[PDB]
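Heads up: the structure comes next, in structure tokens.
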Amino acid sequence: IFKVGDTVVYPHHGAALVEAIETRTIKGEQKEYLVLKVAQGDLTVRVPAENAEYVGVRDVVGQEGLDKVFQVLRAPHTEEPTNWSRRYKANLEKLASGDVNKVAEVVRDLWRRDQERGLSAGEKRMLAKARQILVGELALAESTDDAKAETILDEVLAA
DNA sequence: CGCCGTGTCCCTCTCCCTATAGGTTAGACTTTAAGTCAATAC
């Protein structure tokens, strides 16, 4: 499922390159580790191929995913619990889960808030984190040059 | 059965974010004490 040279997508660190299919044994059991590295954190992670789907290493958003998160970002009628703390903990869990639809919903919701209401620097920071991981996801999904991913993302938020 | 000396030991002294309500100050307007000039008389 995850061969060498594959630009495979791992949560939460986005896309990553696999270097080799490592045969590092433990307890005399030659498990099929794979070395995978990302470009942001500059870290290398070894994952066994058996429980590779347990960690949920995904595949990059294609076209249906792009228009799906598009429709979510343009989805109207979204409203939140009145107490800001419930909204905060809900969308914190929602970003911690890390799926593209819910990250898109988080960023579009907070952008709709930020347009008029405004949020705290911590809440701006939570946005900025979700926006950063989302624009990395899109810029390696359409393979479209992070700066241009930011400019298209700003194009689409206005609708 | 009922109280008293000796010994040992412990201790002390010295050399997050939100919402409401209320107080504070800074900033400008009109008044006043203040600085000024011109002519004059002895």
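Backbone-built Cβ (ideal geometry, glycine too); neighbour counts: all protein chains shown. We did not get these values from a lab; they are worked out from the coordinates using the rules stated.
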Item to check | Relative contact order of chain A, defined on C-alpha pairs under 8 angstrom at six or more residues apart (%) | outcome: 18
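About its Cα centre, what dipole magnitude does segment A:41-159 give when the only charges are +1 on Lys and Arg Cβ and -1 on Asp and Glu Cβ, stated in debye to the nearest 20?
Numbers: 18 positive and 22 negative charges, 125 e Å.
Dipole magnitude for segment A:41-159 comes out near 600 debye.
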Checklist entry - Along the charge dipole of segment A:35-159, Cβ charges K/R +1 and D/E -1, which of A:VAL107, A:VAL69, A:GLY56 sits furthest on the positive end? => result A:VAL107
Checklist entry - For segment A:6-123, what number of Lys pairs, 8 or more residues apart or on separate chains, have alpha-carbon atoms under 29 Å from each other? => result 9
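Can you give the longest stretch of chain A with no exposed loop site, where a site means trypsin sites (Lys or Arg not before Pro) in a DSSP loop (not H, G, I, E or B) with at most 10 other C-beta atoms within 10 Å?
That gives A:28-116 as the longest site-free run.
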Next on the checklist: Given segment A:67-155, report the % of alpha carbon pairs whose separation exceeds 21 Å.
Outcome noted: 27
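Could you size up the charge dipole of segment A:65-133 around its Cα centre, putting +1 on the beta carbon of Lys and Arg and -1 on that of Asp and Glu, and report it in debye to the nearest 20? Spell out each step's value before the answer.
On the way: 15 positive and 10 negative charges, 35 e Å.
So the dipole magnitude of segment A:65-133 works out to roughly 160 debye.
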Next on the checklist: Can you compute the equivalent ellipsoid semi-axes for chain A, i.e. the square root of 5 times each eigenvalue of the Cα gyration tensor, sorted largest first and rounded to whole Å?
Outcome noted: 34, 18, 13
Next on the checklist: For segment A:71-159, which chymotrypsin sites (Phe, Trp or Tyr not before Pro) pass both filters: DSSP loop (anything but H, G, I, E, B) and at most 13 other C-beta atoms within 10 Å?
Outcome noted: none
Checklist entry - Hey, what do the phi angles of segment A:106-119 turn into as Karplus ³J(HN,Hα) couplings, whole Hz, using 6.51/-1.76/1.60 and θ = phi - 60°, x for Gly and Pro? => result 4, 5, 5, 4, 5, 5, 4, 5, 4, 4, 10, 5, x, 9
